[PDB]
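No Cβ is skipped: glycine too gets one built from the backbone with ideal geometry, and neighbour counts run over all protein chains shown. Nothing in this text is a laboratory measurement; each read-out follows from the coordinates by a stated rule.
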Amino acid sequence: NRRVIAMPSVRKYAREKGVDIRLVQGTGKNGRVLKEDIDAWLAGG
């Protein structure tokens with residue numbers, strides 16, 4: 001089961017920041033993870 005939701009650039013950003021969209025609650029459009037979301041994870045979580 002892999003229901004990840006994140007922009008084509010975000011998936012790369014989180015993927016780079018060691019963050020996984022699975023651990024992030026995207027709030028974009030239909031709940032898609034934004035680069036801001038990724039940063040928020042590492043900057044809090």
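Close amide H contacts of residue 7 (hydrogens built in the peptide plane, cut-off under 5 Å, sequence separation of 5 or more or a different chain): 33. The average projected area of the chain, computed from the convex hull of its Cα atoms over all directions, is 2.9 nm². For the chain, the Cβ-based charge dipole about the Cα centre amounts to some 280 debye (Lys, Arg positive; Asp, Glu negative; other atoms uncharged). The gain in end-to-end length when the residue 29 to residue 3 segment is fully stretched comes to 7.8 nm, 0.36 nm per residue minus the alpha carbon separation. Note that the range 5-22 has calculated 3J(HN,Hα) couplings of 10, 6, 4, x, 8, 5, 3, 6, 5, 5, 3, 7, 7, x, 9, 10, 3, 5 Hz, one per residue in order, obtained from phi through the Karplus relation 6.51 cos²θ - 1.76 cosθ + 1.60 (θ = phi - 60°); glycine and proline are x.
With an 8 Å cut-off on Cα pairs and a minimum separation of 6 or more residues, tell me the relative contact order of the chain in percent. Rounded, it is 38 percent for the chain.
Simple rule: put +1 on each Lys or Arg Cβ and -1 on each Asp or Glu Cβ in the chain, find the dipole, and look at 8, 26, 38; the Cα lying farthest toward the positive end is 8.
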